[PDB]
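Here is the file start16.pdb (PDB, C-alpha atoms (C1' of nucleotides)).
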ATOM      1  CA  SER F  12     148.327 137.043   8.200  1.00  0.00           C
ATOM      2  CA  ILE F  13     147.039 136.563  11.785  1.00  0.00           C
ATOM      3  CA  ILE F  14     143.483 137.654  10.776  1.00  0.00           C
ATOM      4  CA  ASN F  15     143.102 134.226   9.070  1.00  0.00           C
ATOM      5  CA  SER F  16     143.141 132.716  12.582  1.00  0.00           C
ATOM      6  CA  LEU F  17     141.267 135.587  14.268  1.00  0.00           C
ATOM      7  CA  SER F  18     138.309 135.234  11.871  1.00  0.00           C
ATOM      8  CA  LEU F  19     138.033 131.536  12.825  1.00  0.00           C
ATOM      9  CA  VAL F  20     138.382 132.440  16.554  1.00  0.00           C
ATOM     10  CA  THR F  21     134.791 133.783  16.393  1.00  0.00           C
ATOM     11  CA  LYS F  22     133.653 130.404  14.994  1.00  0.00           C
ATOM     12  CA  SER F  23     135.723 128.077  17.181  1.00  0.00           C
ATOM     13  CA  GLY F  24     135.515 129.031  20.878  1.00  0.00           C
ATOM     14  CA  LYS F  25     134.736 131.733  23.439  1.00  0.00           C
ATOM     15  CA  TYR F  26     136.474 135.132  23.625  1.00  0.00           C
ATOM     16  CA  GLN F  27     136.424 138.373  25.638  1.00  0.00           C
ATOM     17  CA  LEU F  28     136.292 141.765  23.930  1.00  0.00           C
ATOM     18  CA  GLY F  29     137.415 144.870  25.884  1.00  0.00           C
ATOM     19  CA  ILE F  30     139.251 145.985  29.034  1.00  0.00           C
ATOM     20  CA  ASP F  31     136.630 145.146  31.720  1.00  0.00           C
ATOM     21  CA  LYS F  32     136.329 141.507  30.559  1.00  0.00           C
ATOM     22  CA  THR F  33     140.029 140.827  29.816  1.00  0.00           C
ATOM     23  CA  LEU F  34     141.190 141.950  33.300  1.00  0.00           C
ATOM     24  CA  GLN F  35     138.600 139.666  34.956  1.00  0.00           C
ATOM     25  CA  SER F  36     139.958 136.800  32.798  1.00  0.00           C
ATOM     26  CA  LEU F  37     143.623 137.525  33.661  1.00  0.00           C
ATOM     27  CA  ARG F  38     142.841 137.713  37.418  1.00  0.00           C
ATOM     28  CA  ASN F  39     141.253 134.221  37.298  1.00  0.00           C
ATOM     29  CA  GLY F  40     144.192 132.662  35.376  1.00  0.00           C
ATOM     30  CA  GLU F  41     141.776 131.791  32.555  1.00  0.00           C
ATOM     31  CA  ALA F  42     142.901 133.740  29.462  1.00  0.00           C
ATOM     32  CA  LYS F  43     145.817 132.124  27.588  1.00  0.00           C
ATOM     33  CA  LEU F  44     146.717 134.947  25.214  1.00  0.00           C
ATOM     34  CA  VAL F  45     145.782 138.620  24.695  1.00  0.00           C
ATOM     35  CA  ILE F  46     145.976 141.080  21.767  1.00  0.00           C
ATOM     36  CA  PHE F  47     146.458 144.874  21.920  1.00  0.00           C
ATOM     37  CA  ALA F  48     145.490 147.516  19.409  1.00  0.00           C
ATOM     38  CA  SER F  49     147.972 150.220  18.371  1.00  0.00           C
ATOM     39  CA  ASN F  50     145.996 153.039  20.046  1.00  0.00           C
ATOM     40  CA  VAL F  51     145.078 151.336  23.380  1.00  0.00           C
ATOM     41  CA  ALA F  52     145.292 153.760  26.301  1.00  0.00           C
ATOM     42  CA  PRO F  53     148.533 154.259  28.280  1.00  0.00           C
ATOM     43  CA  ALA F  54     146.937 153.432  31.662  1.00  0.00           C
ATOM     44  CA  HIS F  55     145.594 150.071  30.444  1.00  0.00           C
ATOM     45  CA  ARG F  56     148.503 149.167  28.104  1.00  0.00           C
ATOM     46  CA  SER F  57     150.987 149.254  31.009  1.00  0.00           C
ATOM     47  CA  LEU F  58     148.619 147.378  33.362  1.00  0.00           C
ATOM     48  CA  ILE F  59     147.598 144.479  31.050  1.00  0.00           C
ATOM     49  CA  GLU F  60     151.220 143.489  30.223  1.00  0.00           C
ATOM     50  CA  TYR F  61     151.925 143.337  33.994  1.00  0.00           C
ATOM     51  CA  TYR F  62     149.242 140.682  34.682  1.00  0.00           C
ATOM     52  CA  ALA F  63     150.224 138.827  31.473  1.00  0.00           C
ATOM     53  CA  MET F  64     153.759 138.508  32.904  1.00  0.00           C
ATOM     54  CA  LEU F  65     152.412 137.419  36.322  1.00  0.00           C
ATOM     55  CA  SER F  66     149.992 134.819  34.870  1.00  0.00           C
ATOM     56  CA  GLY F  67     152.491 133.356  32.398  1.00  0.00           C
ATOM     57  CA  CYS F  68     150.088 134.418  29.637  1.00  0.00           C
ATOM     58  CA  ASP F  69     151.213 135.117  26.066  1.00  0.00           C
ATOM     59  CA  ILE F  70     151.153 138.564  24.418  1.00  0.00           C
ATOM     60  CA  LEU F  71     150.667 139.515  20.743  1.00  0.00           C
ATOM     61  CA  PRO F  72     150.978 143.285  20.071  1.00  0.00           C
ATOM     62  CA  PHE F  73     149.017 143.775  16.823  1.00  0.00           C
ATOM     63  CA  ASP F  74     149.854 146.854  14.713  1.00  0.00           C
ATOM     64  CA  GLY F  75     146.812 148.777  13.445  1.00  0.00           C
ATOM     65  CA  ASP F  76     144.156 150.647  15.420  1.00  0.00           C
ATOM     66  CA  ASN F  77     141.050 149.604  17.399  1.00  0.00           C
ATOM     67  CA  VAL F  78     139.102 150.087  14.120  1.00  0.00           C
ATOM     68  CA  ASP F  79     141.260 147.431  12.387  1.00  0.00           C
ATOM     69  CA  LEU F  80     141.197 144.939  15.296  1.00  0.00           C
ATOM     70  CA  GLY F  81     137.412 145.429  15.617  1.00  0.00           C
ATOM     71  CA  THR F  82     136.706 144.579  11.959  1.00  0.00           C
ATOM     72  CA  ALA F  83     139.250 141.709  12.156  1.00  0.00           C
ATOM     73  CA  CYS F  84     136.715 139.752  14.249  1.00  0.00           C
ATOM     74  CA  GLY F  85     133.929 141.063  11.953  1.00  0.00           C
ATOM     75  CA  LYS F  86     131.755 143.114  14.329  1.00  0.00           C
ATOM     76  CA  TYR F  87     130.952 146.720  13.375  1.00  0.00           C
ATOM     77  CA  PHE F  88     132.526 148.627  16.299  1.00  0.00           C
ATOM     78  CA  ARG F  89     135.885 149.649  17.792  1.00  0.00           C
ATOM     79  CA  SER F  90     137.734 147.261  20.150  1.00  0.00           C
ATOM     80  CA  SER F  91     141.092 148.020  21.814  1.00  0.00           C
ATOM     81  CA  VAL F  92     141.744 144.660  23.515  1.00  0.00           C
ATOM     82  CA  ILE F  93     140.731 141.084  22.655  1.00  0.00           C
ATOM     83  CA  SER F  94     141.765 138.230  24.939  1.00  0.00           C
ATOM     84  CA  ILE F  95     140.952 134.590  24.154  1.00  0.00           C
ATOM     85  CA  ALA F  98     138.544 127.513  24.905  1.00  0.00           C
ATOM     86  CA  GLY F  99     139.753 125.430  21.966  1.00  0.00           C
ATOM     87  CA  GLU F 100     142.202 127.247  19.668  1.00  0.00           C
ATOM     88  CA  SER F 101     141.176 128.253  16.135  1.00  0.00           C
ATOM     89  CA  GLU F 102     144.278 127.209  14.171  1.00  0.00           C
ATOM     90  CA  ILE F 103     147.663 126.664  15.935  1.00  0.00           C
ATOM     91  CA  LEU F 104     148.128 129.954  17.843  1.00  0.00           C
ATOM     92  CA  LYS F 105     151.384 128.618  19.396  1.00  0.00           C
ATOM     93  CA  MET F 106     153.206 129.084  16.055  1.00  0.00           C
ATOM     94  CA  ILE F 107     151.473 132.228  14.770  1.00  0.00           C
ATOM     95  CA  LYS F 108     151.991 134.462  17.862  1.00  0.00           C
ATOM     96  CA  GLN F 109     155.770 134.122  17.293  1.00  0.00           C
TER      97      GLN F 109
ATOM     98  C1'   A Z   1     128.543 148.626  41.515  1.00  0.00           C
ATOM     99  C1'   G Z   2     126.518 144.554  38.833  1.00  0.00           C
ATOM    100  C1'   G Z   3     125.421 143.790  33.493  1.00  0.00           C
ATOM    101  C1'   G Z   4     128.303 142.396  28.679  1.00  0.00           C
ATOM    102  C1'   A Z   5     125.396 144.636  23.471  1.00  0.00           C
ATOM    103  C1'   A Z   6     124.387 143.455  15.020  1.00  0.00           C
ATOM    104  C1'   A Z   7     118.121 140.475  13.819  1.00  0.00           C
ATOM    105  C1'   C Z   8     122.602 146.931  16.182  1.00  0.00           C
ATOM    106  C1'   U Z   9     120.150 148.952  20.507  1.00  0.00           C
ATOM    107  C1'   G Z  10     119.065 153.608  23.523  1.00  0.00           C
ATOM    108  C1'   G Z  11     117.930 159.057  22.778  1.00  0.00           C
ATOM    109  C1'   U Z  12     116.778 164.578  21.311  1.00  0.00           C
ATOM    110  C1'   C Z  13     112.910 170.078  19.200  1.00  0.00           C
ATOM    111  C1'   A Z  14     117.994 169.551  16.663  1.00  0.00           C
ATOM    112  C1'   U Z  15     123.057 167.406  16.248  1.00  0.00           C
ATOM    113  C1'   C Z  16     123.776 162.109  18.557  1.00  0.00           C
ATOM    114  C1'   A Z  17     125.754 158.083  22.368  1.00  0.00           C
ATOM    115  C1'   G Z  18     128.105 153.143  23.108  1.00  0.00           C
ATOM    116  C1'   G Z  19     133.420 146.991  24.271  1.00  0.00           C
ATOM    117  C1'   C Z  20     138.354 153.741  26.623  1.00  0.00           C
ATOM    118  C1'   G Z  21     131.799 149.393  28.240  1.00  0.00           C
ATOM    119  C1'   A Z  22     125.358 150.717  25.651  1.00  0.00           C
ATOM    120  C1'   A Z  23     120.356 149.141  27.061  1.00  0.00           C
ATOM    121  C1'   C Z  24     118.985 147.743  31.959  1.00  0.00           C
ATOM    122  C1'   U Z  25     118.693 146.903  37.660  1.00  0.00           C
ATOM    123  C1'   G Z  26     120.026 149.496  42.372  1.00  0.00           C
ATOM    124  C1'   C Z  27     114.512 151.653  47.842  1.00  0.00           C
ATOM    125  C1'   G Z  28     123.289 153.502  44.269  1.00  0.00           C
ATOM    126  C1'   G Z  29     126.583 158.289  45.028  1.00  0.00           C
ATOM    127  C1'   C Z  30     126.490 163.637  44.228  1.00  0.00           C
ATOM    128  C1'   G Z  31     125.474 168.699  42.361  1.00  0.00           C
ATOM    129  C1'   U Z  32     121.725 172.104  40.718  1.00  0.00           C
ATOM    130  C1'   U Z  33     116.619 172.959  40.206  1.00  0.00           C
ATOM    131  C1'   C Z  34     111.350 171.175  41.735  1.00  0.00           C
ATOM    132  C1'   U Z  35     106.602 169.706  44.587  1.00  0.00           C
ATOM    133  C1'   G Z  36     104.634 169.203  49.568  1.00  0.00           C
ATOM    134  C1'   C Z  37     105.105 170.109  54.842  1.00  0.00           C
ATOM    135  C1'   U Z  38     106.742 173.325  58.654  1.00  0.00           C
ATOM    136  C1'   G Z  39     109.656 177.229  61.631  1.00  0.00           C
ATOM    137  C1'   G Z  40     109.849 182.996  60.682  1.00  0.00           C
ATOM    138  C1'   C Z  41     103.876 183.581  61.240  1.00  0.00           C
ATOM    139  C1'   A Z  42      99.829 186.285  62.708  1.00  0.00           C
ATOM    140  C1'   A Z  43     101.319 188.632  67.715  1.00  0.00           C
ATOM    141  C1'   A Z  44     102.154 191.806  62.193  1.00  0.00           C
ATOM    142  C1'   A Z  45      99.438 193.746  57.663  1.00  0.00           C
ATOM    143  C1'   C Z  46      94.796 194.335  55.049  1.00  0.00           C
ATOM    144  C1'   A Z  47      89.009 194.258  54.546  1.00  0.00           C
ATOM    145  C1'   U Z  48      84.313 194.230  56.700  1.00  0.00           C
ATOM    146  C1'   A Z  49      80.998 194.858  61.535  1.00  0.00           C
ATOM    147  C1'   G Z  50      80.360 197.519  66.412  1.00  0.00           C
ATOM    148  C1'   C Z  51      81.956 200.136  70.735  1.00  0.00           C
ATOM    149  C1'   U Z  52      85.136 204.452  72.943  1.00  0.00           C
ATOM    150  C1'   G Z  53      91.658 203.292  72.198  1.00  0.00           C
ATOM    151  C1'   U Z  54      89.980 198.137  71.469  1.00  0.00           C
ATOM    152  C1'   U Z  55      86.727 193.647  70.780  1.00  0.00           C
ATOM    153  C1'   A Z  56      84.686 190.430  66.992  1.00  0.00           C
ATOM    154  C1'   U Z  57      84.625 187.366  62.698  1.00  0.00           C
ATOM    155  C1'   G Z  58      87.532 186.733  57.713  1.00  0.00           C
ATOM    156  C1'   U Z  59      91.740 186.654  54.326  1.00  0.00           C
ATOM    157  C1'   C Z  60      89.060 179.875  51.618  1.00  0.00           C
ATOM    158  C1'   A Z  61      89.006 175.292  48.148  1.00  0.00           C
ATOM    159  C1'   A Z  62      90.297 173.143  43.359  1.00  0.00           C
ATOM    160  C1'   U Z  63      93.980 173.401  38.757  1.00  0.00           C
ATOM    161  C1'   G Z  64      95.482 174.961  33.653  1.00  0.00           C
ATOM    162  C1'   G Z  65      98.265 178.305  30.443  1.00  0.00           C
ATOM    163  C1'   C Z  66      99.235 177.356  23.304  1.00  0.00           C
ATOM    164  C1'   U Z  67     100.971 184.322  26.997  1.00  0.00           C
ATOM    165  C1'   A Z  68     105.276 187.613  28.391  1.00  0.00           C
ATOM    166  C1'   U Z  69     109.594 189.024  31.308  1.00  0.00           C
ATOM    167  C1'   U Z  70     113.327 187.380  34.710  1.00  0.00           C
ATOM    168  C1'   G Z  71     116.583 183.698  37.152  1.00  0.00           C
ATOM    169  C1'   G Z  72     118.457 178.934  36.161  1.00  0.00           C
ATOM    170  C1'   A Z  73     119.153 174.162  33.542  1.00  0.00           C
ATOM    171  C1'   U Z  74     120.375 171.071  28.959  1.00  0.00           C
ATOM    172  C1'   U Z  75     122.758 171.912  24.286  1.00  0.00           C
ATOM    173  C1'   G Z  76     124.129 173.590  19.555  1.00  0.00           C
ATOM    174  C1'   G Z  77     126.389 177.005  16.009  1.00  0.00           C
ATOM    175  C1'   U Z  78     130.052 180.835  14.713  1.00  0.00           C
TER     176        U Z  78
END
Give the structure from the file, written as structure tokens.
Amino acid sequence: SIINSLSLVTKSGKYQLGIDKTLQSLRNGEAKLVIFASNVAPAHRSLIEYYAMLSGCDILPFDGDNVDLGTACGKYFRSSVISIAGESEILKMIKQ
RNA sequence: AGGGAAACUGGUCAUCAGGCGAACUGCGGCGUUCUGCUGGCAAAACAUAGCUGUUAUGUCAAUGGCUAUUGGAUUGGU
């Protein structure tokens, strides 16, 4: 359901892809929502939700592994976290 | 630490590694091995030459192992 948007995210605007990039984006107050995998590590999973609360940045915990969230964007490798200028298709509604 | 990767790239004799962060850059960090230069150290030891116990010179320069054994390193399989 949400992969319909997340395909068009790659077309529309810029996005970060992993834990090093997403934490730099959250520190700057730049990233406006962020998406977990199921199997993201229990150091980073606790830490990323903390900065998302502090920023006022929206959270979308996606069921399915880093394999599924990797091939959601289309690229042929495993990605635990994707954070995300210009929305793809109304992400205000679809996150809820 | 920076860097932020599909036109996938890097790598082994072989399997492989990477957004849980690769290539790549630092006169990075650190461990274990390595080359050179010393100290120990020529006073010793050894080989020539000569004198009746000791005085002379000399032990140099270059650079491979497809050979073996040993120590160690990097890995794999069962």
Pull out every residue that the PyMOL selection byres ((chain F and resi 14) around 12) matches in the shown coordinates and put them as a PyMOL selection string.
chain F and resi 12-13+15-21+46+73-75+79-85+101-102+104+107-108
Of the listed residues F:64, F:92, F:44, F:58, that which approaches chain Z most closely, counting all atoms listed in the file:
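Of F:64, F:92, F:44, F:58, the one nearest chain Z, counting all atoms listed in the file, is F:92.
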Please build the interface table for chain F against chain Z with a cut-off of 8 Å, listing for each qualifying residue the nearest atom pair and the distance in Å to one decimal; count all atoms listed in the file, order rows by chain and increasing number, and write it as CSV.
residue,atom,partner,partner_atom,distance
F:28,CA,Z:19,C1',6.0
F:29,CA,Z:19,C1',4.8
F:30,CA,Z:19,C1',7.6
F:31,CA,Z:21,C1',7.3
F:51,CA,Z:20,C1',7.8
F:52,CA,Z:20,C1',6.9
F:86,CA,Z:6,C1',7.4
F:87,CA,Z:6,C1',7.5
F:89,CA,Z:19,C1',7.4
F:90,CA,Z:19,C1',6.0
F:91,CA,Z:20,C1',8.0
Decode the PyMOL selection byres ((chain Z and resi 14) around 10) for the given file into explicit residues and return them as a PyMOL selection string.
chain Z and resi 12-13+15-16+75-76
Residue IDs satisfying the PyMOL selection byres ((chain F and resi 27) around 7), as number ranges by chain:
F: 26, 28-29, 32-33, 93-95
What's the separation between atom CA of residue F:67 and atom CA of residue F:50, in Å to one decimal place?
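Between atom CA of residue F:67 and atom CA of residue F:50 the gap works out to 24.1 Å.
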With a distance cut-off of 12 Å and only C-alpha atoms (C1' of nucleotides), select the neighbouring residues of residue Z:26, excluding the residue or stretch itself and same-chain residues fewer than 4 positions from it, and output the selection as a PDB file with C-alpha atoms (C1' of nucleotides), keeping the file's coordinate frame.
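The resulting file, out.pdb, is reproduced below:
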ATOM      1  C1'   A Z   1     128.543 148.626  41.515  1.00  0.00           C
ATOM      2  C1'   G Z   2     126.518 144.554  38.833  1.00  0.00           C
ATOM      3  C1'   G Z   3     125.421 143.790  33.493  1.00  0.00           C
TER       4        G Z   3
END
Atom completion result for stretch 72-100 of chain F (N, CA and C atoms) as an mmCIF file, in the coordinates of the input:
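Full text of result.cif as output:
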data_model
loop_
_atom_site.group_PDB
_atom_site.id
_atom_site.type_symbol
_atom_site.label_atom_id
_atom_site.label_comp_id
_atom_site.auth_asym_id
_atom_site.auth_seq_id
_atom_site.Cartn_x
_atom_site.Cartn_y
_atom_site.Cartn_z
ATOM 1 N N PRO F 72 151.278 141.880 20.363
ATOM 2 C CA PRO F 72 150.978 143.285 20.071
ATOM 3 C C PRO F 72 150.722 143.526 18.578
ATOM 4 N N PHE F 73 149.446 143.671 18.221
ATOM 5 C CA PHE F 73 149.017 143.775 16.823
ATOM 6 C C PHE F 73 149.042 145.236 16.376
ATOM 7 N N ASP F 74 149.846 145.530 15.352
ATOM 8 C CA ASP F 74 149.854 146.854 14.713
ATOM 9 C C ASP F 74 148.561 147.114 13.931
ATOM 10 N N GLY F 75 148.153 148.382 13.889
ATOM 11 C CA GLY F 75 146.812 148.777 13.445
ATOM 12 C C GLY F 75 145.903 149.119 14.612
ATOM 13 N N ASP F 76 144.947 150.011 14.358
ATOM 14 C CA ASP F 76 144.156 150.647 15.420
ATOM 15 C C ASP F 76 143.023 149.742 15.916
ATOM 16 N N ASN F 77 142.308 150.218 16.934
ATOM 17 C CA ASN F 77 141.050 149.604 17.399
ATOM 18 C C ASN F 77 139.926 149.465 16.353
ATOM 19 N N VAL F 78 139.970 150.275 15.294
ATOM 20 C CA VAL F 78 139.102 150.087 14.120
ATOM 21 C C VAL F 78 139.467 148.805 13.360
ATOM 22 N N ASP F 79 140.765 148.589 13.146
ATOM 23 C CA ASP F 79 141.260 147.431 12.387
ATOM 24 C C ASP F 79 141.074 146.110 13.141
ATOM 25 N N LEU F 80 141.373 146.119 14.439
ATOM 26 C CA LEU F 80 141.197 144.939 15.296
ATOM 27 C C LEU F 80 139.725 144.616 15.579
ATOM 28 N N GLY F 81 138.860 145.630 15.539
ATOM 29 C CA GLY F 81 137.412 145.429 15.617
ATOM 30 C C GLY F 81 136.839 144.696 14.416
ATOM 31 N N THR F 82 137.153 145.196 13.219
ATOM 32 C CA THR F 82 136.706 144.579 11.959
ATOM 33 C C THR F 82 137.501 143.325 11.546
ATOM 34 N N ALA F 83 138.580 143.012 12.266
ATOM 35 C CA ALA F 83 139.250 141.709 12.156
ATOM 36 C C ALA F 83 138.359 140.551 12.609
ATOM 37 N N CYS F 84 137.720 140.713 13.768
ATOM 38 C CA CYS F 84 136.715 139.752 14.249
ATOM 39 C C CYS F 84 135.428 139.758 13.413
ATOM 40 N N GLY F 85 135.064 140.925 12.877
ATOM 41 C CA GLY F 85 133.929 141.063 11.953
ATOM 42 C C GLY F 85 132.860 142.037 12.420
ATOM 43 N N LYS F 86 132.818 142.307 13.726
ATOM 44 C CA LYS F 86 131.755 143.114 14.329
ATOM 45 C C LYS F 86 131.988 144.601 14.069
ATOM 46 N N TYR F 87 130.897 145.347 13.894
ATOM 47 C CA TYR F 87 130.952 146.720 13.375
ATOM 48 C C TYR F 87 131.098 147.754 14.501
ATOM 49 N N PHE F 88 132.184 147.644 15.264
ATOM 50 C CA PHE F 88 132.526 148.627 16.299
ATOM 51 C C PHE F 88 133.998 148.502 16.716
ATOM 52 N N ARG F 89 134.457 149.438 17.545
ATOM 53 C CA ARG F 89 135.885 149.649 17.792
ATOM 54 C C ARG F 89 136.281 148.946 19.091
ATOM 55 N N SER F 90 137.288 148.073 19.014
ATOM 56 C CA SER F 90 137.734 147.261 20.150
ATOM 57 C C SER F 90 139.246 147.386 20.325
ATOM 58 N N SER F 91 139.672 147.815 21.513
ATOM 59 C CA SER F 91 141.092 148.020 21.814
ATOM 60 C C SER F 91 141.789 146.702 22.144
ATOM 61 N N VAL F 92 141.167 145.910 23.015
ATOM 62 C CA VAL F 92 141.744 144.660 23.515
ATOM 63 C C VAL F 92 140.811 143.488 23.194
ATOM 64 N N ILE F 93 141.388 142.395 22.691
ATOM 65 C CA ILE F 93 140.731 141.084 22.655
ATOM 66 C C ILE F 93 141.656 140.043 23.282
ATOM 67 N N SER F 94 141.234 139.495 24.421
ATOM 68 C CA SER F 94 141.765 138.230 24.939
ATOM 69 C C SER F 94 140.960 137.034 24.436
ATOM 70 N N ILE F 95 141.546 135.850 24.600
ATOM 71 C CA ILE F 95 140.952 134.590 24.154
ATOM 72 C C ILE F 95 141.278 133.489 25.170
ATOM 73 N N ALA F 98 138.357 128.937 24.612
ATOM 74 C CA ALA F 98 138.544 127.513 24.905
ATOM 75 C C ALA F 98 138.460 126.713 23.607
ATOM 76 N N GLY F 99 139.511 125.949 23.312
ATOM 77 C CA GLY F 99 139.753 125.430 21.966
ATOM 78 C C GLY F 99 140.307 126.500 21.039
ATOM 79 N N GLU F 100 141.558 126.323 20.611
ATOM 80 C CA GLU F 100 142.202 127.247 19.668
ATOM 81 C C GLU F 100 141.598 127.121 18.268
#
